[PDB]
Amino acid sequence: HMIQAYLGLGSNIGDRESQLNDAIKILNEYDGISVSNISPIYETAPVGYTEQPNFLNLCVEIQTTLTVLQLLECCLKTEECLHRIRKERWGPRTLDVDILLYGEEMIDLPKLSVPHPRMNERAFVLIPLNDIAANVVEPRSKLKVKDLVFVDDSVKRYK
């Protein structure tokens, strides 16, 4: 039996599209993970530290038998595979894999918050998330993604 989870992927260093593509393939190769839906890719202005490169962002749905901590390990291992060397949270990265939703579960461990606690004010998450999960309930707000998503001109269709 599998639980439905959603991941946010980002890249703003190098050949961003190729790195995201590789990330999806790698994620789909872990035992206990199947990629089951893929959002469109958006080009997005960097949020937070603005003196860094524009991002490509997408969301994916996965079906998984992994626990949320095992899932996190696989997310972090995927980043290592794509040669993420920088670990400054504010700084650029070859690949970022964030757990956005893990069924309707909520957790706020010192080093792990799901639903991702910043997702609701990030167009670069919500726009691609809405593309694939418009009717999914975000458990903190208890609103559907389609009732959270908002227009943002800094988020542009890429692919």
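Take the two forms, find the largest set of C-alpha atoms that superpose within 1.5 Å, and that set is the rigid core. Start at 1 and count along the sequence shown; that's the residue number.
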| item | value |
| --- | --- |
| Between 33-41 and 86-94, larger RMS Cα displacement in 8 other deposited structures of this protein after core fit | 86-94 |
| Of 48-56 and 120-128, which departs more from this form in 8 other deposited structures of this protein by CA RMS after core fitting | 48-56 |
| Mean C-alpha temperature factor, higher of 18-26 and 5-13 | 18-26 |
| Between 27-35 and 111-119 (mean CA B-factor, as deposited), the higher | 27-35 |
| Member of 57, 130, 50, 94 with the greatest C-alpha B factor (per the PDB record) | 50 |
| Residue 69 by Cα B-factor - lowest, middle or highest third of the modelled chain | highest |
